[PDB]
Structure formats: structure tokens, C-alpha cells
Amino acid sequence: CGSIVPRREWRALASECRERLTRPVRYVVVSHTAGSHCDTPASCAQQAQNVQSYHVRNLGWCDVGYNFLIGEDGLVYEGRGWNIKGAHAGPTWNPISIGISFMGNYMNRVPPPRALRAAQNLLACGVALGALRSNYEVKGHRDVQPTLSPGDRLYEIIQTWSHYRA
């Protein structure tokens, strides 16, 4: 189920991450990268590389912090994926959640409909696979940490999701 740009196709550095998540997962945390937006497969693969680069090389994480990334190209970029604990929401939320990040800054722009679809589609895929609970809950990054993430314009949107829980 789902179309996902695999690690190898956005030319990801090999993962060093080992800590597994306990399936099915109850919580999804939605962030923004607060970085550059991109609207083409070519530019969005490059941006996935840039986010992973910042996390592995500068913050010294085992991989890109996010389980999945969303491009404005309307594609899902594989991060740690469904089975591996992420680094996106702190030490209380990272063990019990999937972290999906919209590549961009959504303080003043909304992500386009294709990106919102790609994200909702991904989560349904999670349920279908048994990676997420049928009764999964969606959180803002700001609901679980002191942050503007995932941006006012995007936060306002995810609040209207059927699985949103403050």
C-alpha cells in the first residue's frame, strides 16, 4: 500500500538507527522542517538529502529525525519508516509516535492539496499495514513540545483532520 519515494531514490545516507517502535503505534506527530519548500521530484529529493544532512552531520543523529517527509511535489519521502523510532518530538513522544514532517515553513503559506493528500494517504496506509492503530490520534508538534512547528497555517489545517486530538 502507498507510493513512497524510497531512501535509495533520494540518495539517503545509510541509517545507523536500531531502536524499534512497538506496533501498532497510537500517535502521529505532524511537524514542518521550517526549511526551504520544493515543488518537483528533483528539488524535493534534494531537500530530503539536506534535512537528513543537517540531522546526521550537524546534530549527529543516527538518521533523518522524521519517520516520513512530505514534499509540495505531492510525494512521500521515506525516512526511518514505520518500524524504527524517530527523533522529532522529544524523549516522551519519540518512543510512542510516528513523526511526519512537511518540508517547508507553514507559518504564512499552506501546503498545497496534493501534499495534504499524500500525508492523509500515507496515514491510511499505516492503518492498512497495522503499523498504526485504526484509532490513531494526530498531534501538532506544538501540542507535545514548545514550538511553532508545524506552522500556524498547517496547524490550523491538521486541526480539521478527523483523527486530530488536541
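Start at 1 and count along the sequence shown; that's the residue number.
Student: Would you mind comparing 127-135 and 66-74 for me and telling me which has the higher average C-alpha temperature factor in the entry?
Tutor: That would be 127-135.
Student: On mean Cα temperature factor in this entry, is 118-126 or 105-113 the higher one?
Tutor: Per the PDB entry, the higher value belongs to 105-113.
Student: Can you tell me which third, lowest, middle or highest, the CA B-factor of residue 57 falls into for its chain?
Tutor: Highest third - that is where residue 57 ends up once the chain's C-alpha B-factors are sorted.
Student: Using the B-factor values recorded in the entry, state whether the Cα atom of residue 36 falls in the lowest, middle or highest third among the modelled residues of its chain.
Tutor: As the PDB entry reports it, the C-alpha B-factor of residue 36 lands in the highest third of its chain.
Student: What third of the chain does residue 90 rank in for C-alpha temperature factor, lowest, middle or highest?
Tutor: Its C-alpha B-factor belongs to the highest third of this chain's values.
Student: Split into thirds by Cα B-factor across the chain's modelled residues, where does residue 25 land: lowest, middle or highest?
Tutor: Within its chain, residue 25 is a lowest-third residue by C-alpha B-factor, going by the deposited values.
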